[PDB]
Structure formats: C-alpha cells, structure tokens
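Protein chains in written order, with the entry's author numbering: chain G, 173 to 191, 201 to 229; chain Q, 1 to 83. Notes to accompany the following structure.
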C-alpha cells in the first residue's frame, strides 16, 4: 500500500526489475561496481 | 683534413638526430596525458594547457643546446682550427 494521505492508503504494484557531460574514475572496474550498485538499489526500494 | 670535416658532418647528424628522436617521443608521452586530462576535466583544459608549457621548456632544455651546437659546428667548425 502507498501512503497517499492520513485518510487514503492506495494499493499499488510497480516493477522493480527491469528498471551528465563529464565521466567518473572507476575503482576497481566499472562492471564490478555496477553489479554492486544494482543490488543496493533493489534492496533499498524494498525497504522503502 | 677531410676526416675531421667528414666526421663533423656525422657529429652534427647525431646532435640534432638524437634530439629529434627524444623530443618527438617525449611530446607523445606528455601530450597523450594532456588530451586525457582534457577529456576527464573539459572545463579545466585552460589550466592543464598552461601547466603543460612549464614541462615543455624543461623537455626542450638540453635538446635546444644540441641544436645550437649543431649549427655552430656547420658554419664555424671549432675542430678545423686545431691543425
């Protein structure tokens, strides 16, 4: 359920999976980091 | 006399030839990291460009001495006067 307001609790369903100018320095590898960030993001939306 | 003059032409070719070889390799190593810095920090390229010229004067310090001596040997050979 989503907290629309103090009087409204909207039941809802949303898709967890599947989902400027300059660029970042990557340590150790970009692929290594993308795999780690995506799990942290799904476990975050579930806790939310 | 011919051996002094002939070997002087080769001394001249070694002075500027080794200088050309080292400055072209040196500016490829230096310039390659300048383009990378400009790609990572595009708004900072004016600073990176100014920082690069401080190294260019040091990279060409001994090479310009070799070029100066090479021209001296060609138009005022200091060995022909040594009998």
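Every residue, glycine too, gets a C-beta built ideally from N, C-alpha and C.
{"Asked": "Does the Cβ-Cβ distance between residue 15 of chain Q and residue 67 of chain Q come in under 9 Å?", "Found": "yes"}
{"Asked": "Taking a Cβ distance cut-off of 9 Å, strictly less, list which residues of the stretch 33-50 of chain Q are near chain G, in chain order.", "Found": "39, 40, 41, 42 and 43"}
{"Asked": "Helix, strand or coil, according to DSSP, for residue 170 of chain G in the structure here?", "Found": "Lying before the first or after the last residue shown, residue 170 of chain G is absent from chain G, which here runs from 173 to 229."}
{"Asked": "Quick check on residue 202 of chain G - is its C-beta less than 9 Å from some C-beta in chain Q?", "Found": "yes"}
{"Asked": "Which word fits residue 178 of chain G, buried or exposed, when buried means at least 16 other C-beta atoms lie within 10 angstroms of its C-beta?", "Found": "exposed"}
{"Asked": "Where does residue 176 of chain G sit, in a helix, a strand or coil, going by DSSP?", "Found": "strand"}
{"Asked": "Is residue 79 of chain Q helix, strand or coil by DSSP?", "Found": "coil"}
{"Asked": "With a threshold of 16 other CB atoms inside 10 Å of the CB of residue 23 of chain Q, please say whether the residue is buried or exposed.", "Found": "buried"}
{"Asked": "Measure the C-alpha to C-alpha separation of residue 13 of chain Q and residue 32 of chain Q and round it to an integer number of angstroms.", "Found": "28 Å"}
{"Asked": "For the alpha helix (DSSP H) containing residue 46 of chain Q, name the first residue and the last one.", "Found": "45-59"}
{"Asked": "Can you tell me where the alpha helix (DSSP H) holding residue 25 of chain Q begins and where it ends?", "Found": "2-40"}
{"Asked": "Distance, Cα to Cα, residue 174 of chain G vs residue 213 of chain G?", "Found": "34 Å"}
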